[PDB]
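The chain below stands alone and is given in structure tokens; this is the form deposited in one PDB entry.
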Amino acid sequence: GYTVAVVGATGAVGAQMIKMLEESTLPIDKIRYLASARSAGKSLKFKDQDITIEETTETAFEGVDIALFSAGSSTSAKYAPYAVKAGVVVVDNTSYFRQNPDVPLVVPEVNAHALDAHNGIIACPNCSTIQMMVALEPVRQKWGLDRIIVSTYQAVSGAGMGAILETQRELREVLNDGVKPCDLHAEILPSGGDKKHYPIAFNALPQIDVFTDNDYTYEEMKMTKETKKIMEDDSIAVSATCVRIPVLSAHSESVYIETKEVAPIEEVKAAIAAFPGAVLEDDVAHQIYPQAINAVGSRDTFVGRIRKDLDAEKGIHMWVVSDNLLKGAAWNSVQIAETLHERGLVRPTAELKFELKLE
């Protein structure tokens, strides 16, 4: 069996990493929980066993086969290469390595083939991107993809435990204490690192991550660049608007595409239904469509409201929902680990290709 390390075990994603590993087929002989100085020393369960949380360091990875990183870009940047040097295979949840040509950016249903040539780090795409890829890959396979326009409806848990607590606190102030939404004090949303913070309670915030110099946010640009890389096709035009709404868990997306060939809607429904990881929830006569609240807890990605555009011959609209901490993060990661095991790819990389940041 394997020695598995979860880096960022104590946060929003980490708690789901733990659940997904508890429910995994991976043969696990030993679990180790890593976090920051703040949590180092506390205790947390794996199944019935108590595990002591360790501060993440350059030397914490000795004897580790697999490490799942969900502790923020800076932490992956700093310690993931030292894990690779020590012999680990890393599955990284953060943005840091996603656009690195030496790193497979993987959604196992779509591009598991990219895993074979790994160099010790496999990157998880962004949650919003992952569910979109699960919905669209079956379509792309049969009728091609010319362009995508997407407006997202993103849950606060995407911004971490702190953002969940902040959201809940704000809603309680308004609903129980009669505070006006515009009078609320926010500390984290829309983005913990940006300069100004706004309330999410009864609001919709058209900012996720920070602004880039083209006036799209990094979240929007991630959807653009990550799609191109995952589908191995720079020609696919992708523009996004990424919006936070008062939902704790599960992202929703209004997705527009234009195919290369005309894709009959009833065949699109069938192809999506037949694709692993994607579930068709689309029966308007009984008001059946994906909903954030029903997606929570499921590893599947749900697709519905599938219909042709009223004007564009090759245009198609749909609604895609998935739990952003499961398929959007922890399940994708564990599923990559499982796929690595299946393909005999859990073993040390001889040649280090990633900059060591701590000398």
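Basically, rigid core = biggest C-alpha set you can superpose within 1.5 Å across the two forms. Note that residue numbering follows the sequence shown and begins at 1.
What comes next is about the form deposited in another entry, which does not appear here.
Superposed on the core, the two forms differ at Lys42: its CA moves 2 Å or more between the shown form and the other one. Core-superposed comparison between the shown form and the other one: the CA of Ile53 exceeds or equals a 2 Å shift. After superposition on the rigid core, the Cα atom of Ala12 is displaced by 2 Å or more between the shown form and the other one.
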